[PDB]
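A.B. asks: PDB entry and its sequence, pasted below:
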Amino acid sequence: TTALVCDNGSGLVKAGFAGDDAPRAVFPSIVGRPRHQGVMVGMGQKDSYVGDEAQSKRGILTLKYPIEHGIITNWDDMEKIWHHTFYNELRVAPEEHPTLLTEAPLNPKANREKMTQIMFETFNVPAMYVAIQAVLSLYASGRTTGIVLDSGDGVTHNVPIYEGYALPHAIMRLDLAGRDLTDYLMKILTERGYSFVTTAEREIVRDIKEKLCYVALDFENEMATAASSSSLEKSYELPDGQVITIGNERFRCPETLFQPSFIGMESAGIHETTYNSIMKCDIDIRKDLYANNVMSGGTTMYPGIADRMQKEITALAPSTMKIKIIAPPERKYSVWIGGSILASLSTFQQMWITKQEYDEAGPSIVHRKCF
Amino acid sequence: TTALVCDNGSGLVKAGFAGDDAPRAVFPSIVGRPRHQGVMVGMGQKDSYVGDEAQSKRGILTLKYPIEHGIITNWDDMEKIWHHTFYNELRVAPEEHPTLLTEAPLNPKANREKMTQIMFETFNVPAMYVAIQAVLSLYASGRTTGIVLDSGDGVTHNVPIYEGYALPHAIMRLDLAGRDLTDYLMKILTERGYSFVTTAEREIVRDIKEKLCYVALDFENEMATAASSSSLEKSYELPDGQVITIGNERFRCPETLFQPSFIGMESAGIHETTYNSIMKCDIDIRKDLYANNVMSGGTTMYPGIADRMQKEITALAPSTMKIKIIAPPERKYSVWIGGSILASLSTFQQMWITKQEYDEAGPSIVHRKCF
Amino acid sequence: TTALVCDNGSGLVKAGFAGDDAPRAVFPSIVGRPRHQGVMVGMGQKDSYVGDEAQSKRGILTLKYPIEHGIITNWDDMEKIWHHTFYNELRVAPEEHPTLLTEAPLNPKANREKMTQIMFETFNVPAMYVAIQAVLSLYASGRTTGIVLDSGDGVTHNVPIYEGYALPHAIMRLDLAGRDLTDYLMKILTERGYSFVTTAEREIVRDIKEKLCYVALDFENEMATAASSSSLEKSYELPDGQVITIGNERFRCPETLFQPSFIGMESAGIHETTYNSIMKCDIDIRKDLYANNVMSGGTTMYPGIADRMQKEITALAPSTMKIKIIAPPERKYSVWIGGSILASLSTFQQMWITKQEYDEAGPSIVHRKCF
Amino acid sequence: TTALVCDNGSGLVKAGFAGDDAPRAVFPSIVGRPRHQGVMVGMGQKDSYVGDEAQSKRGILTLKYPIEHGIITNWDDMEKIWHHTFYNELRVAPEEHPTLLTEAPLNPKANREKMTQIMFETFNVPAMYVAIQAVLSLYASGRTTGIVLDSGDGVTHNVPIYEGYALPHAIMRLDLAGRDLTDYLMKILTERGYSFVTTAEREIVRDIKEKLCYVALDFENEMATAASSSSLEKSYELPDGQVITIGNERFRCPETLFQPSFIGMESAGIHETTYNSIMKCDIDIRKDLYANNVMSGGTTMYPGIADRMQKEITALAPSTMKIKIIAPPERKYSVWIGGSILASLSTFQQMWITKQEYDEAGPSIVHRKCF
Amino acid sequence: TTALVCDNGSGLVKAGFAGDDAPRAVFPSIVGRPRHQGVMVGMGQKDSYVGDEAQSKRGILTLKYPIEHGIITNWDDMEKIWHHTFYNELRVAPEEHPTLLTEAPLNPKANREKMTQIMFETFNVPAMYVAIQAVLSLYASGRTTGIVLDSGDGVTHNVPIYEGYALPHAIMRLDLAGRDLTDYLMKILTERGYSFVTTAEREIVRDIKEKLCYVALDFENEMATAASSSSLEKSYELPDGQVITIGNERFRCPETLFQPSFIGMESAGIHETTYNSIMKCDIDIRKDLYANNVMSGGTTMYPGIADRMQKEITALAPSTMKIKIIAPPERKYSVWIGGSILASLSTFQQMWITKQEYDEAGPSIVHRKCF
Ligand SMILES: Nc1ncnc2c1ncn2[C@@H]1O[C@H](COP(=O)(O)OP(=O)(O)O)[C@@H](O)[C@H]1O
Ligand SMILES: Nc1ncnc2c1ncn2[C@@H]1O[C@H](COP(=O)(O)OP(=O)(O)O)[C@@H](O)[C@H]1O
Ligand SMILES: Nc1ncnc2c1ncn2[C@@H]1O[C@H](COP(=O)(O)OP(=O)(O)O)[C@@H](O)[C@H]1O
Ligand SMILES: Nc1ncnc2c1ncn2[C@@H]1O[C@H](COP(=O)(O)OP(=O)(O)O)[C@@H](O)[C@H]1O
Ligand SMILES: Nc1ncnc2c1ncn2[C@@H]1O[C@H](COP(=O)(O)OP(=O)(O)O)[C@@H](O)[C@H]1O
Ligand SMILES: [Mg+2]
Ligand SMILES: [Mg+2]
Ligand SMILES: [Mg+2]
Ligand SMILES: [Mg+2]
Ligand SMILES: [Mg+2]
């Protein structure tokens, strides 16, 4: 009777039963296939490797991500990832359990049909739903009013919610995300002669960004000091014993989120879209949203991001308005934790799209029960 | 139903049925022909002598090796050696039994056709295969990951294998081998006035190198000590009672493998090619290869070679990486023992090149089933 | 008052005054040192040989290239090459003349300081600049809009230029070049038993590739025909009278640029990076770049490369878009000819980095006047 | 002696001498500035581009419109546009000629002073006037009684005129216009996965709306049919050969003008404000206005708009009253053509605001000679 | 200040001051001692006879050569020969003059110490050197590149020199020489019944070989003709009037150098070692050595040897390579003439091994200053 809260994270798939408080599995969404012929006969080899397998065989595999900007580009890759998720990681047969998926808002409608038909006719789920990720993030705080800024592996979006009403004219989609910051980090490391090229090495640079990067409060003073304050510089080890030394490159990376023109992006910075979504609201409610500005998603984990956000938005919003950036701990899981709560809420049983209803309407039925 | 594991060693032919644990015959690959006319009539003489015959008649024969650098230079000599191997040493008719041969990698393709056509139309074998020697060496340890350094009578090569995948872009062929060390030992012995010239005497110098030579750990301190430490010097007897005295010449011979410029060779030493083959690998797997660095071939039998290898490669590879030179005993037979195992492995029955398949494709078929 | 257009080619150094139309000197960038002791006393020997000297003494020298992938690895070798270039080949004192250098984009910044400090304090140049090679190539056609594909001895890169604006977010660096094709040609020649090993012999294989190789338009039909059409095969002489015969090896070499997986490279082929650099551009300008697709660098000299390029990119770009591969003659010098023009253009006198400006800023000044 | 009929269109500036019958120049009101540094030296570049220049360089420019909702937001941008208009497009010196401007009614009075002072002291015009756009539209029909519905790029308004008297208590200003319809078209195209983001791409979507959109007479039956009648769907080409397919999106765009709640606008539809302006009139004259309901402005060019207007207003106005929507051809220029006539009418010479009169009154004088 | 160019010829000692152009003394290296008791009292007899004395008393002496294969076997005999050379033939005291000796390469090192200690402590020379004979031969032609084939009384060797660098990995030592040809001539003369046995008679057969032997160009046709062409046969007188008649024995002697299997030698003929030394060289330089193939030593004086050499090596070396056997006149002295030049060359004064340096290092010092 418990729901399977699944997910379609662009980076990490997340899964675990409702009523639990932490996800049971987290693993990268990678499909990999061998690049060279097997020559030691009888390995018990496989045609393809997924999850942890592909982070270990990482020297001999072509790696693909089947998700780009939240749009699934290859359904035969994407179908294998789920076929692994149910049968091997959770080890639970899906035809007993209602399955709750998620996606970003403002997606090409054809994706919502494909996921529905795969669930109803490969896996034969009893029922399905398709929630909108930012809405689930808000239940983690137990609030009912706030602007959500959510920034995953592959997209950033804003959704203002007031009194449990969404304002669908105000949503912003901003295609700037951790995958872009990683691809930019490869170019500034090349200034020091370290060279990375392959998909096997992208997965090594990403381990730097999770450990040594932090956000400066006054980037101009910081970068002027970094010319002399050698105490900034830090050292890290590759898999082989090759040492790496890192300097002002520690913070020129996450500075991209506040000045996307560094990666040549035309779209405004994350605070300028956070502000400009409030300006779409009726001139009453603005006072309430400045008190409930909630952040989620892993690309807000960098130490000091909340302190920067407050100082930036204080320059835009008028004075006498107080601003309260609510950036709680564990915000790397809120989108999943909120999923666990909602799937347990007694009233939601009205919304399960039945198998019988799809056979009469055809796939388009899921356009009737969303924004 | 058992396979004949044959071989094409440059020095010693090795043969014996699969499922046995030691080769039944080992003898030098020499064809010899008389240099002078028979004058005591009625000896029951022969036109040519092969194997043990030629190591005994060694005063009256012209000796030839039909193998140079793993490339067979004379097919009519080479065909006699096998004609001896089956009918007289194993005393088994070959037209019952699948025959497994070996060769070094990176060979002129014409050799692989000649061996195939001789097997199919002189001996009329039922089936054939052509394995790559270094790959077979790895089964002797029962490993599935490692760098193999194999150095026979006539060639040295490296092959890194990861997860049962070979990396054909990384293979090194190095034409420095025991035959060169023997031809160099003849020149430094001449410093003491002992004189050897003929092919009958090359086979006597080789008996020195197998008995009195050893590898110094600190060649500069060793050679500086050898000027005074008379306890280094050793004595040995020729076939006649002529005594020989040997001194710093005990170790200046195997020092050649680490400094080929002594024989004027331009190519780097065996550890520098062992290292530089790892540097062709993707920056993930290096950590695994430093733990599985396996040696085989008779020119690694010298006492103390493994201890030298470790100290040399520790200077090249970064610290904090542990290095484990796995130089097991009996490594003079691993290439054959691994052959016995592989020919018994149940899955290999898919690979036997049938007689029927050669008559349709022609000799080129064997280019389709190798690197 | 005329500029010295120097260069840092990975293969051939090129030099000659501005306002001339062809370079006065071209010679390989090799430093060589003797491998054996001089024994005929009184030769008038030298410690080291550079340029033409080392292509003649080619049997007794260790040869090094001081340039790898456009990154200078040894400054004491590299300083000798220039010390030869000014004083012996041009026979002109450099302290009169402004000196214009070049380098590939996306290089470790430390190299740009070293070259600057050597010019200001060994040679005492009056002024210096550091242009970006692909930008100079475009002046040879007198165009102001186009995508440049430039592929020298040691690196390949793409730079789209529109209306005289570079788009620094779109540049591709691809480390696949003639030096890799030569090292691959040594392995497929070994199939026929010809053996080359030493740096003296690499400089002989390279003479084959410049003379007998050509690009097939339909590699699958060509290779299927080459099994029977003996009229493909060609013969060539080594320095000694040893004849060589070459067959399908004529074209399997330059096929590498379109399928780098043959040398096991993961990066896409030169047309796939040429295409994928256009896809970084704003959806307006693509129509203009398909009309101005200019090639330069010696590794585009092979007969028939332009005809292959057009047929390949026509499969990627949509129809109704016309494609015009502009592959003019003399494209082996465009990067130098464009240098001669730019150094004569009246407005460039604003950009000469003065000696006085370096003494105040220190070496970092050259980071202020580039991409 | 002829007047310069200039204009302040929100989208297209329009200019041409009085007594001509068609405007001599029409070009977008855009100022653009380069986004990246010039790197091909000596282009003859400019700091800023205006008019046709900016529709061609459209891949490298930041574009701004200096007009929003008829309120000029930046006077230094706006002053350049006119500086281009006189000296380069008309190529006529303005200090000879009386200049007639226009603006929407109900504007912040400060704008009317700024335009006046710029004309008197930068350009030194001999005289000026400031007509109200909807009043000029009526002379194109040669009528003297009618309700005008005028809907330009940036504002919509209604003005009833009876017997040449305006009724200033009845004017409606409605801030819904083509710029809003374009920004809404970007969101429904994203349903099909086509993505546009930048100001360079807004100017491409606008080319769709001028070509494929039309107004349905019975939107509910049309949209119900569009689920099956594939003959609705149409195809169009981007600048690159990318084909686009469009379906019910052809007509859901201009449906916004009749149901602004689709874009979440609270204000009533254009017919409901057209009706509710008549209800402000004295209960005599209504019969006359239903016979002279004249439309102008480009956002009434869509095929079939007049037929929809008649059926809508027939539901509001009582029966037995006949309704006659007068939607003539060329209504894209009436506001300019009527300007040409009025500036030639002999009696208007009483109204030219003299230079002498401004120096005595100060800028406020223009509040004395309007509504 | 002039050097004493001495020598250690196996057959003829050669001596004469530097700066002279011909040796002042040449005499056989023989020590002889009486075989019978003196019985005519008061002859003024001597215990031993050396040089010309022993060629005259040749009927009553035991003769010994103290040199065998270039290795001195008896130092008390060898010390007398020099004691004669200085005090009686040159009549010059050696303690004034630097003394230059020679030896063959590849000799037992103990010989180089013995000669050094005898020179420093019996004769008390001021300085010494030990040159390598084949290197001195090359100065006679004034060349700096060539392969030297040198074949004295007691050894044959090859040394390729390129650009004044020797290639110590390529040297061949071949122990086939005039002393062997003389001992073979004694056996074929015995076919005609002439009998020689004693050391007194060996010195008579040697006078035949210097006068009647010549090399056939086509030995098979020559020997077939010699069965009938009596005009071949020649006659010669012994010391007594005994006439000797010689026929095909004129040329079957020097034919041994091209087919050593006639004397049962296993080693290849002098042209096969001359060729096979070139094949040790890097594949560049071979073209240069075929143009500078210089011969020296008395066993190349036979009429027609050069014409045979060219026809033989033309069969081995590929065509299109030209071959130029440089066999100049006076080649019986080149090894001495080149000694006279080198000892006069101004730079050689750096190499004289001082007396002071030997007393510190001990005898081993001379291993430091040679190959
Ligand atoms: N400790 C960390 N510090 C900073 N960033 C992190 C850290 N751990 C993970 N990340 C970033 O989190 C991203 C994944 O965000 P996530 O919210 O999981 O996206 P999704 O849920 O859509 O997979 C990774 O791409 C990585 O860049
Ligand atoms: N006891 C020993 N110590 C050192 N070297 C040995 C010993 N026995 C044999 N060898 C060397 O082993 C070489 C043969 O190596 P091997 O692996 O048999 O080559 P292959 O297998 O190709 O014939 C011989 O040439 C000899 O130099
Ligand atoms: N005739 C030719 N045909 C094909 N390739 C050539 C020819 N001549 C030279 N090359 C190639 O040109 C390369 C040098 O390219 P180049 O543009 O000179 O590089 P760089 O300018 O950086 O030295 C050489 O490595 C060689 O492989
Ligand atoms: N052929 C067409 N069909 C429909 N709309 C059009 C067409 N041509 C132009 N438009 C619209 O006309 C608008 C401009 O209206 P216009 O009356 O020129 O405003 P202004 O005069 O204030 O610039 C443009 O924004 C565009 O949306
Ligand atoms: N006229 C000649 N023709 C052929 N051979 C000669 C002649 N004169 C001398 N010889 C040979 O020259 C040999 C001596 O060679 P030589 O170069 O003097 O040796 P070395 O210099 O070491 O004494 C003698 O043994 C003799 O056989
Ligand atoms: Mg996420
Ligand atoms: Mg072996
Ligand atoms: Mg170049
Ligand atoms: Mg208008
Ligand atoms: Mg001699």
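C.D. replies: Arrived safely, thanks for sending. Residues are numbered from 1 along each chain as shown, chains lettered A, B, ... in the order given. Ligands and ions are numbered 1, 2, ... in the order given.

A.B. asks: what's the burial count for the nearest residue to residue A:105 once chain neighbours are set aside?
C.D. replies: Spatial nearest neighbour of residue A:105, excluding adjacent residues (C-beta to C-beta, 6 or more residues apart in numbering or on different chains): residue A:132 at 5.2 Å. To be clear about C-beta, it is placed using only N, CA and C from the backbone, and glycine gets the same treatment. For residue A:132, the count of nearby residues is 19 (other C-beta atoms under 10 Å in any protein chain shown).

A.B. asks: how much space separates residue A:132 from ligand 3?
C.D. replies: Applying C-beta to the nearest ligand atom, to the nearest Å, the value for residue A:132 to ligand 3 is 54 Å.

A.B. asks: mind listing the residues bridging to that residue?
C.D. replies: Beta-bridge pairing for residue A:132 (DSSP bridges): residue A:103.

A.B. asks: my guess is it contacts residue A:107. True?
C.D. replies: No: look at residue A:132 against residue A:107 with C-beta atoms under 8 Å: they stay out of range, at 9.9 Å.

A.B. asks: show me what contacts the residue nearest to residue A:105?
C.D. replies: A:102-105, A:159, A:370-371 (C-beta atoms under 8 Å, 6 or more residues apart in numbering or on different chains).

A.B. asks: from what I see, residue A:128 and residue A:113 are in contact.
C.D. replies: No: at 11.6 Å, residue A:128 does not count as touching residue A:113 under the criterion of C-beta under 8 Å.

A.B. asks: looking at these two, which one has more neighbours?
C.D. replies: Shown here are residue A:128 and residue A:113; by other C-beta under 10 Å, residue A:128 has more neighbours (21 against 15).

A.B. asks: would you verify that the more buried one is located in a strand?
C.D. replies: Yes: residue state for residue A:128 (DSSP: H, G, I helix; E, B strand; the rest coil) corresponds to a strand.

A.B. asks: tell me, what residue is most central in chain A?
C.D. replies: Nearest to the mean C-alpha position of chain A, by C-alpha atoms, centre = their mean, lies residue A:152 at 2.3 Å.

A.B. asks: ramachandran coordinates for it?
C.D. replies: Phi and psi for residue A:152, reported as degrees, to the nearest 10, are phi -90, psi -160.

A.B. asks: distance of it from chain C?
C.D. replies: 23 Å (C-beta to the nearest C-beta, to the nearest Å).

A.B. asks: now do residue A:89
C.D. replies: 29 Å.

A.B. asks: okay, and the beta partners of the closest residue to that residue other than its chain neighbours?
C.D. replies: The spatially closest residue to residue A:89, leaving aside those adjacent along the chain, is residue A:25, at 4.4 Å (C-beta to C-beta, 6+ apart). Taking DSSP bridges as the rule, residue A:25 bridges to residue A:15.

A.B. asks: now for residue A:25: which residues touch it?
C.D. replies: If you count contacts by C-beta under 8 Å, 6+ apart, residue A:25 has them with A:13-16, A:85, A:89-90.

A.B. asks: so the closest residue to residue A:122 other than its chain neighbours, which of the three states?
C.D. replies: In space, and not counting its chain neighbours, residue A:122 is closest to residue A:79: 7.0 Å by C-beta to C-beta, 6+ apart. Following three-state DSSP, residue A:79 is assigned to helix.

A.B. asks: touching, residue A:79 and residue A:117? I think so.
C.D. replies: No: counting by C-beta under 8 Å, residue A:79 does not reach residue A:117; the two are 11.3 Å apart.

A.B. asks: list the residues that contact both of those two?
C.D. replies: Common neighbours of residue A:79 and residue A:117 (C-beta under 8 Å, 6+ apart) do not exist.

A.B. asks: and the biggest helix by length in chain A, how far from the chain's centre?
C.D. replies: Longest helix of chain A, by residue count under DSSP state H: helix A:199-212. When C-alpha coordinates are averaged (C-alpha atoms, centre = their mean, to the nearest Å), helix A:199-212 and its chain have centres 17 Å apart.
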